[PDB]
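One chain follows as structure tokens, the form deposited in one PDB entry.
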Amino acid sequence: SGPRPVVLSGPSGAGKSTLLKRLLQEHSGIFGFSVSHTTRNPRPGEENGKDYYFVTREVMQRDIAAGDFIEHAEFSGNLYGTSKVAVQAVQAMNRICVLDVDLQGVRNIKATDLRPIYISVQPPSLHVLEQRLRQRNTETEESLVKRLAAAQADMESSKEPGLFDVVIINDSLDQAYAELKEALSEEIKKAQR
């Protein structure tokens, strides 16, 4: 009836992070980022407590047994999870929770009662995704290949009926960001009432 959380997914290197950062900055009073937990090493320019909760695998696994995570899955040999407190933190600020998860996270979230909107940020082609991943250069050659492999599997699943409410083709960043705003108009209107 009113505002609902937002689940944004897609293949690695498809522009999900950049689209969210512009959305969060331009709409700080509407959207709050869900800070997931990860076991991978921090990228340059990454800050703990904002992009992720950078923890070791022992710390992450101790939290899984403690039940701190609404969802969790492994990706590229590193652990990821959405903590229950991460969603509650955004809810405590009267903001729409925006989550960045993989395909496994989306299916896990389909079980939960958050009832979010599902947005898939897709590249124009698989080859373009490789170039954008290679330009970022934050992954090893082996990690890039398996990230490419998971991209195509998530690419085909993006066409699953009823999985993604809205699919964004990330060809032009301005065009993709405009489409993101348009699909979020109902959420922004609901939050502002």
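Quick note: we count residues from 1 along the sequence shown, nothing fancier. We call the rigid core the largest set of C-alpha positions that still match within 1.5 Å between the two forms.
Novice: Between 51 to 59 and 122 to 130, point out the one with the higher average CA B-factor as the PDB entry records it.
Specialist: It is 122 to 130 that shows the higher mean C-alpha B-factor.
Novice: Comparing 31 to 39 with 152 to 160, which stretch shows the greater average C-alpha B-factor in the deposited entry?
Specialist: Result: 152 to 160.
Novice: Can you tell me whether residue 94 has a C-alpha B-factor in the lowest, middle or highest third compared with the other modelled residues of the same chain?
Specialist: Middle third, going by the recorded CA B-factors of the chain.
Novice: Per the entry's values, where does residue 115 land by CA temperature factor relative to the rest of its chain, in the lowest, middle or highest third?
Specialist: It falls in the middle third of the chain.
Novice: Classify residue 9 as lowest, middle or highest third according to the C-alpha B-factor given in the PDB entry, relative to its own chain.
Specialist: Middle third.
Novice: Which third, lowest, middle or highest, does the C-alpha temperature factor of residue 25 belong to within its own chain?
Specialist: Tercile = highest for this residue's CA B-factor.
Novice: Quick one: classify residue 79 as lowest, middle or highest third of the chain based on its Cα B-factor.
Specialist: For residue 79, the deposited C-alpha B-factor lands in the middle third.
From this point on, the text means the form deposited in another entry, which you will not see here.
Novice: C-alpha of residue 75: shift of 2 angstroms or more between this form and the one not shown, rigid core aligned?
Specialist: For residue 75, whose C-alpha is compared between this form and the one not shown after core superposition, the shift is 2 Å or more.
Novice: Quick check: residue 144 between this form and the one not shown - does its CA shift reach 2 Å or more after fitting the rigid core?
Specialist: Yes, the C-alpha moves 2 Å or more.
Novice: At a change of 3 Å or more, would you call the C-alpha separation of residue 10 and residue 37 in the other form closer or farther than in the form supplied?
Specialist: It is farther: in the other form, the C-alpha atoms of residue 10 and residue 37 lie at least 3 Å more apart than they do here.
Novice: What direction does the residue 48-residue 122 Cα distance move in the other form compared with the shown chain, closer or farther, given a change of 3 Å or more?
Specialist: Relative to this form, farther apart in the other form.
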